Every structure is written in C-alpha cells, then in structure tokens.
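This report refers to the structure that appears directly beneath it.
Every residue, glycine among them, receives a Cβ derived from its backbone with ideal geometry; neighbour counts consider all protein chains shown. FYI, it's all coordinate maths here, none of it is from the lab.
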Amino acid sequence: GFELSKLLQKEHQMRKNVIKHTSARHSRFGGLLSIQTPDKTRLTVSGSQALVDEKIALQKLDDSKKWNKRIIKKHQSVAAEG
Amino acid sequence: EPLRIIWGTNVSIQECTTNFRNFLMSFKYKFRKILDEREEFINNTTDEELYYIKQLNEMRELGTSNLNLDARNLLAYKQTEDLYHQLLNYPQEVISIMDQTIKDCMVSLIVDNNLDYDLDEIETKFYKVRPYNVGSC
Amino acid sequence: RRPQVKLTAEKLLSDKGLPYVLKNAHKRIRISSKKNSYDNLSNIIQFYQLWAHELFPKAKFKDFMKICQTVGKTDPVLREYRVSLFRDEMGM
Amino acid sequence: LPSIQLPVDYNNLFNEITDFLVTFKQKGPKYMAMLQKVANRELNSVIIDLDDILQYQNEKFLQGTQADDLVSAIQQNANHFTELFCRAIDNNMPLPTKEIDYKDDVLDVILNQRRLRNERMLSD
DNA sequence: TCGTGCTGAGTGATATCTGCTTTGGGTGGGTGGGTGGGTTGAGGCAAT
DNA sequence: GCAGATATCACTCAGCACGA
C-alpha cells in the first residue's frame, strides 16, 4: 500500500507537469502566433500554449521539422552467440 | 529577445497579458458606473472593492474554473481600451491569453497571500473565460 | 536526380554562420547569477537554435550539433579557420 | 490545338477600355471620380453603363477617329471583359486622398512583411 | 601514435498499379440520370 | 485526366580494417 501510494504520488506529479503543456480549449479552437527573430523575420507557430511561453513555441517549431539524421544500431542477440 | 506577435497584426502578446493582469488585479465597479453616465449612483461599499479579486476568491472557495467577463467592464478601465477591440477582432488569441492570465492570477493570489490551500488542485485545473455583452446583437 | 542539401564548410564559412556568431554572440547571450541555471541554459540554447534555424532549417537542434561535430572532425578548411581565430587571440 | 484567326484584337480593345475610363465625361471624368471614391473605401461596387460606352464610341466616330465596336464585343463575350476592366482599373487606380485607417488590415501587414522578406532575400 | 578507400545498409523518389464508386434513401437532389436501382401492412389519430 | 495506395531501384552515408 505504501509503495502504491508513493508511485501514485509520482504519477500525479508527472500528470501535473504534462497538464502545463495542454491547451484549455479544444484542438480546433485555432490561434496562430508569429514570433519575430532579431533579423526582422517572423515564423508562424500554431497552438494556444505557444502564445504565452516562448520556450514552448521554440520547442514546437523544433518538433515540426521532419528530417531526422541516421542512427544505426547493430546489436546481436545472445542466441546468435549461443 | 524574440517578440511574440499575433499573426497578421502588430499587437504584442506580452502587452495584452500585462494589461489584462493589471485590469483583473485593480478594477472597481465604480468605473463601470462612471462610463455609463451613472456617477450619482456610486455607493461606498460594493463600488470601492476589487471586483475580480472577489470573483476569483469565490471561484477558489467553490472550486470552479469559470469567470464570466463583461466587455463593457474592459471599456471602463483605462489600460484595456485597445484590448476590447483586440478581443472583438482576434477572439481566439485574446481568449487564450485571457485564460492563461486568469490561471496565473489565481496562482499568484494563492502564493502571495500565503494561504494554506494546496497548489495541486489549482495547478491541474483548466481555467476558461466566458466574455459576454460584447456589443449589439 | 537532385543532390541533398548538406552542412558543408562553404555554408558555415559564409557571412551567415560562424562570422554571424562571432559578430553577435556575447551581446544576445547573458548568464546571470540572479537567474536560475535553467533560464541561462534556455537562453543559450535559444540563441543557438535560432542561429541554426536561420542557417540550417533542414536539421533539428541535436542533429545540427551532431552534424557540426562530424564536419569539424572532417573538414580541413574549417580546422584552418578554427585555429586562426585562436591564433589571433594569442596575438592580442 | 489547331488555331483560328478570329477578327478580334484584345490589345486594341484593352487600350480603348483604358482610354474610356480616363476620358469619358457624362466635374472631372465620371469613372475617375468613381474609382477615387473606391480608393477611399467609400464605394465597393463599380457599375459600367454600356450606354456610356456607346456614347463614347459615337463621340469618337463623329470626330472621325473611328475605333472598334466595344459594346458588341462586351455582349458577345462578357466573361473576358470583366478581367480587362478590372486590370484597367488596377492600372489606372488613383492614390487615396482621405486618410485610411490601416490598423486592422490583415492583408496589409501580410503584404508588408512579404515585401520586406523578399527585398531582404533578393538583396542578399 | 593515426588517415582513407571499400563495403552493406537503408531511405527517397519514383515506377507501375488499382481505382475512379457507392449507395439505399428523401436534410444528398432532379441542370447527374433510369441500361445503377427502389413493387408493405398494421396501428394510431384527425375529421367527422 | 485525376487522387491514393503500393512496391521498386538507385544513390549516398557511417563503420571497418588495413597501411602510412
């Protein structure tokens, strides 16, 4: 019981931290932000939460990028070597 | 220092947030009466009190996440005259900013007042504003 | 049919890039004792990510840093300039 | 797509239309004033009276400088002359005289930013 | 102590391919058209 | 002629071992 309570308290903290990134309104509410960089150019970032916090806006701009660099992980199972 | 700006316009979001926070922090209903040419109807108890502070405190005591707003109240104040037009013309961004500012105001009220209220309930609650009386029908 | 865009030494050495960083990097970035360490790290990463996006929108921040590491390891002309900046300071 | 030799020239008709909007006089030219009102955001509908076109054509012919029959061209194919008239109005549009708001103009901030970005990119 | 040519591996863009109807029903229409088809029977309620 | 789901081929990149 004590361990379950501790784990539930940890999960509650994680949920609270996640809630900070979610919008109060629904997905299709709308709202576009235009963040201008110092060299007189503005990039458009969507989402309600990006309007108030700049870090979230930059993070979402980062995630929107599609291209991913390669990562090759050649691993051999133990059964291969018996 | 990148500057956040609403798309297609020239309104700084930080200006909106600070103006709305100031309006909520210090607003007395006497301004609303003054605006409507009802100066002689001003009392000394209800009109000399921080309206939205009592609204937010009642919200907290009753455990609610809703604050009904009147646009004519925004027009009454001095710093939020342009905020009325911004709300009318760009409702989505202004509404989101107002919701976040309301949540921040509640958190700041709890922290500064040194109350024993646990921060968990307020932190995980979504707060929404519901403006009405926004002009002619 | 079309060669892939790639972070070559030519792009890095252009007016935008390393010259841009040397021009304005200390003015924008500022680590303050009063502010928490997280905020200072966020500011530094904020500057560098903006610069990378302006220069190389193709790759994300971590991928950009890894590509920069590889290029610095490989390209000799980049090494020439990198040594040169240090040499000027020794002169100063 | 085999081609035919139709007896209609669009360059000459466009020139005639451009002259019509700057010379007709039913006060200065009627349509110049109408456009001036539009540029002040006071009017949002320009109505071209084919009677005016006929009057202008007959006035030109009386002087001896006969031109193409614009009225018959407009009725025979009207979907094309809308574009011609719009292009002529855009070309001959006057600058506003009454101070405009320019405050809540989404397609003015968008265009200003688009011009700034294009100029900065091309210049570099 | 280390630099570079060869290799397997995996995406990116592009080649062929199937499909382009589909469907029973009146808040999908009849300028979408019948060679795409739709063929009740009891029970309740207003009028009288 | 047109959009979508699918499979094919070709090109380029990070690791590896050896020789300098």
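Okay, here's what the table says:
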quantity: Between the range C:10-72 and the range D:1-36, the alpha-carbon center distance in angstrom; calculated: 58
quantity: Greater than 21 Å apart at Cα, pairs in A:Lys65/C:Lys73; A:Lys10/A:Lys73; A:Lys40/C:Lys16; calculated: A:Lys65/C:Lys73; A:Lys10/A:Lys73
quantity: Euclidean distance between Cα centres, the range B:32-96 to the range A:1-25, Å; calculated: 34
quantity: Distance (nanometres) between label positions extended 7 Å along Cα→Cβ at B:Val134 and D:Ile47; calculated: 3.6
quantity: Chymotrypsin sites (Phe, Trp or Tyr not before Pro) lying in DSSP loop within the range D:47-124, provided at most 13 other Cβ fall within 10 Å; calculated: D:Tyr102
quantity: Point-charge dipole on Cβ atoms (K/R +1, D/E -1) for the protein assembly as shown, about Cα centre, debye to 20; calculated: 2500
quantity: DSSP H segments from chain B that extend 20 Å or more along their own axis, Cα-based, with Kyte-Doolittle mean of 0.0 or above; calculated: B:91-113
quantity: C-alpha long axis of helix C:61-74 to longest principal axis of chain C, angle in °; calculated: 60
quantity: Furthest towards positive pole of dipole, A:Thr22, B:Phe41, C:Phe86, structure part the protein assembly as shown, Cβ charges; calculated: C:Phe86
quantity: In the range C:35-85, trypsin sites (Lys or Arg not before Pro) in a DSSP loop with at most 13 other beta-carbon atoms within 10 Å; calculated: C:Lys35
quantity: Exposed GluC sites (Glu not before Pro) absent: longest stretch of chain B, with sites in DSSP loops and at most 13 other Cβ within 10 Å deemed exposed; calculated: B:50-137
quantity: Share of pairwise Cα separations in the protein assembly as shown, more than 33 Å, in percent; calculated: 62
quantity: Built amide H within the under 5 Å cut-off of B:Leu3, gap 5+; calculated: A:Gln36
quantity: Contact order relative to length of chain A, as percent, for alpha carbon pairs under 8 angstrom and 6 or more apart; calculated: 17
quantity: Choice from B:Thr45, B:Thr64, B:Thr80 with maximal GNM fluctuation in chain B (Cα, 10 Å cutoff); calculated: B:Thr45
quantity: Cross-link reach list, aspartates and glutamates versus C:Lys27, counting only Cα pairs under 17 Å and skipping chain neighbours closer than eight places; calculated: A:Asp39, B:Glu1, C:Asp39
quantity: Cα long-axis angle, helix A:2-19 against chain A (0 to 90 degrees, to the nearest 10); calculated: 30
quantity: Most mobile listed residue (B:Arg21, B:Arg60, B:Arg38) in chain B, GNM with C-alpha springs under 10 Å; calculated: B:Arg38
quantity: 0 to 90° range, to nearest 10: angle between helix A:54-64 axis and chain A longest Cα axis; calculated: 60
quantity: Of A:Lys16/C:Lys62; D:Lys30/D:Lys60; A:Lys55/C:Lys11, those spanning more than 21 Å from alpha-carbon to alpha-carbon; calculated: A:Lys16/C:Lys62; A:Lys55/C:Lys11
quantity: Peptide A:39-50 - average C-beta neighbours from other chains (10 Å radius); calculated: 4
quantity: Proximal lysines relative to B:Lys28, as straight alpha-carbon distance under 19 Å, when same-chain residues fewer than 8 apart are discounted; calculated: B:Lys54, B:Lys78
quantity: Where trypsin sites (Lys or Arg not before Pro) fall in DSSP loop in the range A:45-77, at most 11 other Cβ within 10 Å; calculated: A:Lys66, A:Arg70, A:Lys73, A:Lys74
quantity: Given charges at Cβ of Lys, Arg, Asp, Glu: the range C:1-60 dipole, positive-most of C:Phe56, C:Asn24, C:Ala9; calculated: C:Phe56
quantity: Cα-based equivalent ellipsoid of chain A: semi-axis lengths in Å, sorted from largest, via gyration tensor; calculated: 36, 27, 11
quantity: Size of charge dipole - chain D - debye, nearest 20, with Cβ of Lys, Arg +1 and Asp, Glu -1, no other charges; calculated: 360
quantity: Over chain B: helical MRE at 222 nm, DSSP H runs n ≥ 4 each giving -39500 (n - 2.57), nearest 500; calculated: -16000 deg cm²/dmol
quantity: Dipole magnitude of chain A, debye to nearest 20 (Cβ charges: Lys/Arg +1, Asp/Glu -1, about Cα centre); calculated: 200
quantity: Three-way shape call for the range B:3-136 based on the alpha-carbon gyration tensor, with the a/c threshold at 1.5; calculated: oblate
